[PDB]
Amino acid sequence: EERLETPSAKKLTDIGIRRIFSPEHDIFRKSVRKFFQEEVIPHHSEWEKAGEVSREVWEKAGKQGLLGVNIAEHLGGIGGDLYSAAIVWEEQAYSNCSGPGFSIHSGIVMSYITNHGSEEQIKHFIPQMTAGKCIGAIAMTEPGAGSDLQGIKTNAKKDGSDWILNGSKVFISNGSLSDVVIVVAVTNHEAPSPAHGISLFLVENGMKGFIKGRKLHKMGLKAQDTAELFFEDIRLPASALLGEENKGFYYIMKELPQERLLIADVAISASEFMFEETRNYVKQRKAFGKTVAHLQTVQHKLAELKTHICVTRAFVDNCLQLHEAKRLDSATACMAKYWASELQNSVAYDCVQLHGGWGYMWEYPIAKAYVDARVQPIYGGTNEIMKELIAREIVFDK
């Protein structure tokens, strides 16, 4: 059948558009949008004050079949393609709730394990993940080291068949409701190469030495339990280490593409959200004898935004298609992420200007999405880094 293009639809969020989809995805959509209308938005204004969401919507989440959607079915996941697990990405954005740490779990942590883990490890965790009992997260950053992920200090020493973890990890998405945490740690301090001596681990909550810090007070993402994680001589087991020892950077390198494709879709989706939202506010808010939307200026400001969102959507869709065939390279990934997150902010700022005074009020969706979008250029690897990598191929014959 003929699916319309985003620019031609009645709404950017309209279900049933964009050729990278099929009628089967249409139906899975109603469900995810419906699930949020009933299980997420109704309580988010309560989880924000809390500093995290309930563990109750996490089990409901898994029970519904939205966690681990693109994780193979013969491992403990629904076993769908990417074209549909991203619909879970997109839909959370179309609801404006940055509390639930779904994707950071479904699309990233559930992906490392099912991709670089061992028989024992897969079965131990993948079922819990899809279930909703085990909450995943990852800790790469350190208060003193960041984009330079080559200069961290956390480490796990060689003790018997055990690894002794020592360190701290600031800024961890879902660092309070965590059960399983993929911590990046140095195993070779004298490692002749920053890349050659970093290992991955799966530290589990309930261990001696693993303390969780208070929920970090941020300017946005008020409902995300970001917190500092500590490691006080945690005696890890032989099942602790993930992938080969001193080969962490290798497993990380093969995941980023996906991570950035995710962050990206969300950004643009979140943009399609604010657009239709802002479009509505002006199509009614009356002034100077009729509506603001009757003003030429606003009409042109609107054309500019819809055009920029549409154009970028085409790129993100195109990137999803590639990734389906596993032919989406690290660079093309960095483009989608970089453009989409920079776009999300630009759109947010303008969209708030359009509400005027009520865009600063926490009551309207847009104000929350403003401080919610200023985290995109900062995490997942700053957009300054995205340029470095993109530029790698341009300037050097590598």
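For every residue, the number given is its place in the sequence shown, counted from 1.
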| query | finding |
| --- | --- |
| Stretch with the higher entry mean CA B-factor, where the candidates are 288 to 296 and 67 to 75 | 67 to 75 |
| Higher-B stretch (mean Cα B-factor, as the entry records it), 304 to 312 or 197 to 205 | 197 to 205 |
| Residue with highest C-alpha B-factor in the PDB entry, from 265, 259, 276, 148 | 148 |
| Top residue by Cα temperature factor, when 183, 325, 152, 242 are compared in the entry | 152 |
| Residue 3 by Cα B-factor - lowest, middle or highest third of the modelled chain | middle |
| Third of chain Cα B-factors occupied by residue 283 | lowest |
| Residue 176 - which third its CA temperature factor falls in, relative to the rest of the chain | highest |
| Entry-reported Cα temperature factor of residue 119, expressed as the chain third it lands in | highest |
| Third of chain Cα B-factors occupied by residue 340 | lowest |
